[PDB]
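There is one chain below, alone, in structure tokens, taken in the form deposited in one PDB entry.
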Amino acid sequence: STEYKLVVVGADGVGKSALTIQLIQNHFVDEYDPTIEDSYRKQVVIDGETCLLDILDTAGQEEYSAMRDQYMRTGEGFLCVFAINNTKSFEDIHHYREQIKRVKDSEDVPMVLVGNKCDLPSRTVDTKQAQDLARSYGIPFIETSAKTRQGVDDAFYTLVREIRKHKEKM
């Protein structure tokens, strides 16, 4: 069992809690308290390795949080989530990413850019701008849907893969 500390970040309403609960409990939450921050520890198999994912589902954008401070410093991977029907959530990505890098004091922080809510027809963030942004960062870009579970596993498994590549480089 190999441990992996992940932190799910992104604007309110992007689907962080829904993505996290889809991964851990295999159910879509239509409503979930936007205010609650919580951690989850689940055993999973990724590329033959039995992993233990310790995920922090962040909340409370405007307020202080000691748990999020501890997870931002010690976290190995960060799932940077935006919603494809929300250009402001996409525009906040660089802010979360640069905040993460500064708290980590490193330009080598494993991250995956997630474009959640790909099941919706009303779309505002073109796959091109998000792909170009991920390419500029040198990070993978996965489109997901917590509602249909599309790409949910691929998003967190890819983050674990980025952490392995970083861990073997150092």
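Residue indices: 1-based, along the sequence shown. In this text, rigid core is short for the largest set of C-alphas that superpose within 1.5 Å between two forms.
Averaged over CA atoms, B-factors in the entry run higher in 132-140 than in the other of 54-62 and 132-140. If you average the C-alpha B-factors over 5-13 and over 158-166, the higher value belongs to 158-166.
Across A83, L79, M72, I93, the entry's maximum B-factor at the CA atom is seen for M72. Per the deposited record, the Cα B-factor of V125 falls in the highest third when ranked against the other modelled residues of its chain. Ranked by C-alpha B-factor against the other modelled residues of its chain, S106 falls in the highest third.
Note that the form deposited in another entry isn't included here; everything after this is about it.
In a rigid core superposition between the shown form and the other one, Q70 is the single residue of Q70, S136, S122, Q129 whose Cα is displaced by 2 Å or more. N26 shows a C-alpha shift below 2 Å between the shown form and the other one [criterion: core-superposed Cα displacement of 2 Å]. Annotation for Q61: C-alpha shift of 2 angstroms or more between the shown form and the other one, rigid core superposed.
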